[PDB]
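J.: Give me a model of this one.
(chains A and B, ligands or ions: 1)
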2 protein chains.
Amino acid sequence: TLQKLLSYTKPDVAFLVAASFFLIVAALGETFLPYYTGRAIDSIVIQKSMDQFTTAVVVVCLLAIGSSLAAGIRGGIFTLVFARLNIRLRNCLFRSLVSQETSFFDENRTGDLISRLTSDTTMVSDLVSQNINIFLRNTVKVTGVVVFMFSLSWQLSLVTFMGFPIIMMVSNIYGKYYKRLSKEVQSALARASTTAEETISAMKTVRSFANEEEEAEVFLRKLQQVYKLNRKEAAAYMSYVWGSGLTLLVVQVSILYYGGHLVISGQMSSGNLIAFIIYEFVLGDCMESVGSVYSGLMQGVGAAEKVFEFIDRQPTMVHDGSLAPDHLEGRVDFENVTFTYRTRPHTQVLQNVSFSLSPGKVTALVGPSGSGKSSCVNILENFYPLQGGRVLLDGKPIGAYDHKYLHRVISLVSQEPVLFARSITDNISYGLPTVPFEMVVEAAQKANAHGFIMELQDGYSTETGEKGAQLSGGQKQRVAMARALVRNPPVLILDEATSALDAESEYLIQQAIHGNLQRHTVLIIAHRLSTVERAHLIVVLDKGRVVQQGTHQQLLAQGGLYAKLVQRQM
Amino acid sequence: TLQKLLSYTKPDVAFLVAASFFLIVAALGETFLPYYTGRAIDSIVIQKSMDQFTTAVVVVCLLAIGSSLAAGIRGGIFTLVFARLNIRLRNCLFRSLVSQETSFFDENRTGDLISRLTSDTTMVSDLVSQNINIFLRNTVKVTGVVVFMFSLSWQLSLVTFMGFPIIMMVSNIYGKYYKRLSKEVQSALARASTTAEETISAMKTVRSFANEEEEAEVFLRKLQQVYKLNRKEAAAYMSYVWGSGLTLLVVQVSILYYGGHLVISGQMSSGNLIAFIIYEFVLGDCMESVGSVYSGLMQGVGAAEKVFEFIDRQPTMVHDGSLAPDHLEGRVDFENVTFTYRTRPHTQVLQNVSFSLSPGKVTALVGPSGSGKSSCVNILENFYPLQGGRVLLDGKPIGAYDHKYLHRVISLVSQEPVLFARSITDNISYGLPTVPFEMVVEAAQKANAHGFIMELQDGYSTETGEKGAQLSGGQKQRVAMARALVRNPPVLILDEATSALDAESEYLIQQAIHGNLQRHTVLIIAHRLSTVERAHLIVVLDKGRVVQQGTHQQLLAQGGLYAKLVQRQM
Ligand SMILES: CCCCCCCCCCCCCCCCCC(=O)O[C@@H](COC(=O)CCCCCCCCCCCCCCC)COP(=O)(O)OC[C@H](O)CO
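T.: Residues are numbered from 1 along each chain as shown, chains lettered A, B, ... in the order given. Next up is the structure itself:
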């Protein structure tokens, strides 16, 4: 997958080569430093002079200042690459995530698709800011240090290189054993704590049995076992500290003592021995840090397969519409449509339904509250495709009209009309470009929204603050109705609350003034039967099939599947 | 606090004094080491001989071995103190988190009252062990190091003490500024992620407007602000590294050069210069470690307050009642009780109810399906207190009796009878010990619990696996029904949920043996109006006063609110 992660850095090679060059300079400065420290000490003790001027100068000016400056500049350019990579991953992932067909969002969760947008992209940008930085820096420094301490005195080099594996071996053995015993104690305490968790979380029954003493005592037993487990963990820790400490001591004193014999023999200088000891410590620390960072880098490159998982997934439907004639009537028809989801294809919610809607006239819908009525709402909004059948808007199917045009000639208001945390002069005129104020005023009046709006804390621009949860259901549905009416839509798809505790004048006036005195091929989805009393063609349905048509007077006349419900209401 | 926290270590004084002494020894050895290292280098350079061998000995054996062994023993004894303190706190906390009156369990949560237990007692023991370890160790070692590097050469100590505060001040300044800018960048990225989250989490209403593109654009610009906020953070990081590095360098080079002149002038000996530089490094490291760890210690004692608020919180309702007669009659009478909650004391959910149960005679209780009927069982089980009224039980009220004897005379069967993770021989004697297994199977046959026990995959003594889901509704109902008979209770209580998943076999076994044949003053709080199949009395009340009594044939005659329920339902 690293053939991809390169391609999302290809517009950053300028920053990358600048940062890499200054990284290499920083490492070389910090690995040429100890040799000249050794030359300084040797200039003190061997030739007692003021050659120390020139050597302290060589240390302080070029090597030290160069290391510090290059370190700062490498830090700067890597922070810049971090932010630019973060921004471009977030933008590409979103812009190709918000263009999937809705069944995508029905399958996958929402907390997961926000984890994969904040935390995962943070990890896959730290993979290039931090971990590759540290790993490459310390690799260059380790190579430099090894070559130096070979050039200085290869006897001590051979000694310490036969030495370091012994330290690593004993430390790793005892550390792994102690870690195992520590994990065992942690698991024992959690298992012993789950009993207290349950007896706390179900205190009613225990109270009913007067059995609290025999829960304190079982906790005392299930804990008093952990102590006898823990003594062994203490002993293992003690022996681990002894083992690591004494092996490190033996290697270090062997180094210093062989070095002493060399310096007295006359095969080195005091400066080169001090240089060798400092190089030994630097090599130890750098080996430690390189060994540490591999966990983080493995975790990062594992996280880099969640972003690229979604950042290019082909959508399963195309919005290939082209037509957009400005003049419609609104002949919503259905041609034996049967529809099922993509989540459970064997169950059925609509079977060969074929019912029409007369232009410019109300046409409600109702069912047994157990069959699929909402599914006709979700099919007409062109969310999901169809299995069998076809739907058409004034002759041509809805698969042919232009996308924004199609959802501008239809509308929707629903059971839970969500209002995004914005201004109410924006929530109303949501999807269409900045229509002026007076149209919004006429719209809010035409849904009894303008009533309360002027009585809020500012009027129209009262942004729906407090994380967008301040308004109540009545104003909610009325402002939603205002939102659909702004577009002047030839069709409308309306839904009604199950409690129906609102003013309720809006729906009857929609059957009377809002949609009856104008071209509005309104459809209704009614749970509360307070609107059955007036309609045009109540097409009651069940099991995904049409059973009755015509006015609900004939439903009362042919009292099948409907007259049973009106007695269930009273 | 600190005083009680000390009072919960009082049994550990032996372990504490032993570990403290060994901590002192380890710190003293590790601070005596570098002086003798400097003496070794001295003997290499100044008087080139094998007088070095004495000093390599006095470094490798005494100081190094002693330091490492003492560190091992200190680590071991602090692990033992950690586990003992953790155990004692958890035991005492759970001992006094189960003896509180149940209103205290209603008010508080249950996720908190386990997170508190586990993680907070972990923190309180971790405070003492880990951080008093680190703080006390580094205090002793820093005192020793300062005394030495004053003993060696005082001009050098005065120069490095003019040096270290300047390093600390410059690092402090620039680190504060850089952390400020990094925090602002994190906040801006989180804000833009929230504006993307409100569109991910509300996809359907967005799709309804063909408004994904403007959402992608809003996200793009809300990101392209972060880049401009981030360049300033890059410059802050640059200057932070430059400032810290250059100050540290100037201090170090001034010290090394002044030491060079000191060695040239005969004022010192090169071994003491190496000793002084090693002491400078050690002192810097330990100062940084203490400066890190004080914050963790303060956080630890800030968490250590959450335990002692519950350790000795006195219980509200004390079960000081102490009485247990041999035999009894079993006449329960709710006598003008004035019961009141403590979670919403404005309302009076039960005010002066008056009705008496009869020995062996069923007394069903149903109500208006919204009013307070579910409280009577909690009144009977002596959960909550009561202001006025006295439930007289055979000469004495319930409050006078023994706790265990009380809940051994009375039982209950909840709606969803909670059954903890045990075996189905444990549960059928929860509080009652030393039960013969044939009594268990007999009192399981009396409620038809023998059915799904033998066919379950382990025989009789099957453990309730998967955290209590290997049984179902009617199963666990028959289980709890088997519970309420193993104790031979002269009083019984029952309840049942609105689902009524059992196929009415519960009522067949109610009227079978322990409702008519055996003497059990059965009460019942039944939904769905199913208990009217048979009754020896019926109480229907509302909010404290009883409106209807007598057998249900009077309820047919006195058709108030009752005869309409059987016809409205289906
Ligand atoms: C960083 C900016 C530097 C600017 C220039 C300053 C010039 C003076 C400093 C020289 C540059 C060194 C830069 C990198 C060094 C980092 C590693 C380090 O500091 O290690 C020292 C400190 O490491 C420690 O923490 C020491 C603690 C243990 C003491 C070790 C004693 C000798 C080992 C034998 C004892 C055996 C027991 C071993 C237990 C670890 C080791 O001291 P040394 O005496 O070996 O050499 C230092 C030299 O004399 C400076 O002039």
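J.: buried ones in the host helix or strand of residue A:16?
T.: Taking DSSP states H and E as the criterion, residue A:16 maps to helix A:13-45. Within helix A:13-45, the residues that count as buried by 16 or more other Cβ atoms under 10 Å in any protein chain shown are A:15, A:18-20, A:22-23, A:25-45. Every C-beta, even on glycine, is put in place using the N, C-alpha and C of the backbone.
J.: Any idea how far that helix is from the middle of the chain?
T.: 41 Å (Cα atoms, centre = their mean, to the nearest Å).
J.: Now do the same contact list for the nearest residue to residue A:554 once chain neighbours are set aside.
T.: Distances taken as Cβ to Cβ, 6 or more residues apart in numbering or on different chains put residue A:548 closest to residue A:554, at 7.5 Å, once the chain neighbours are dropped. Contacts for residue A:548 (Cβ atoms under 8 Å, 6 or more residues apart in numbering or on different chains) come out as A:538-540, A:554-555, A:558, A:560-562.
J.: What is the burial count for residue A:481?
T.: Residue A:481 sits with 24 neighbouring residues when counted by other Cβ atoms under 10 Å in any protein chain shown.
J.: Quick check: phi and psi at the nearest residue to it once chain neighbours are set aside.
T.: Leaving aside its chain neighbours, residue A:481 sits nearest to residue A:447 (4.0 Å; criterion: Cβ to Cβ, 6+ apart). Reported as degrees, to the nearest 10, the phi and psi values for residue A:447 are phi -140, psi 20.
J.: What is the lengthiest strand in chain A packed up against?
T.: What stands out as the longest strand in chain A, according to DSSP state E, is strand A:332-339. Using 3 or more Cβ pairs under 8 Å, 6 or more residues apart in numbering or on different chains; DSSP states H and E as the contact test, the elements touching strand A:332-339 are strand A:350-353, helix A:374-380, strand A:388-393.
J.: mind giving me JSON lines with these and columns for mean neighbour count and distance to residue A:192?
T.: Formatted as JSON lines, the helices and strands packed on strand A:332-339 follow (neighbours: other Cβ atoms under 10 Å in any protein chain shown; distance: least, Cβ to Cβ, whole Å):
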{"stretch": "strand A:350-353", "mean neighbour count": "20", "distance to residue A:192": "55"}
{"stretch": "helix A:374-380", "mean neighbour count": "19", "distance to residue A:192": "50"}
{"stretch": "strand A:388-393", "mean neighbour count": "16", "distance to residue A:192": "60"}
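J.: ok, of the contacts of residue A:548, which one's closest to chain B?
T.: residue A:561 (17.5 Å; Cβ to the nearest Cβ).
J.: quick one: contacts for residue A:201?
T.: So residue A:201 contacts B:110, B:114 (Cβ under 8 Å, 6+ apart).
J.: right, I mislabeled it, should have said residue A:565
T.: Taking Cβ under 8 Å, 6+ apart as the test, what residue A:565 contacts is A:368, A:529.
J.: same deal with residue A:238?
T.: Residue A:238 sits in contact with B:72-73, B:75-76, where contact means Cβ under 8 Å, 6+ apart.
J.: Would you mind giving those as JSON lines with neighbour count and distance to residue B:295 added?
T.: Formatted as JSON lines, the contacts of residue A:238 follow (neighbours: other Cβ atoms under 10 Å in any protein chain shown; distance: Cβ to Cβ, whole Å):
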{"residue": "B:72", "neighbour count": "22", "distance to residue B:295": "28"}
{"residue": "B:73", "neighbour count": "19", "distance to residue B:295": "29"}
{"residue": "B:75", "neighbour count": "21", "distance to residue B:295": "23"}
{"residue": "B:76", "neighbour count": "22", "distance to residue B:295": "27"}
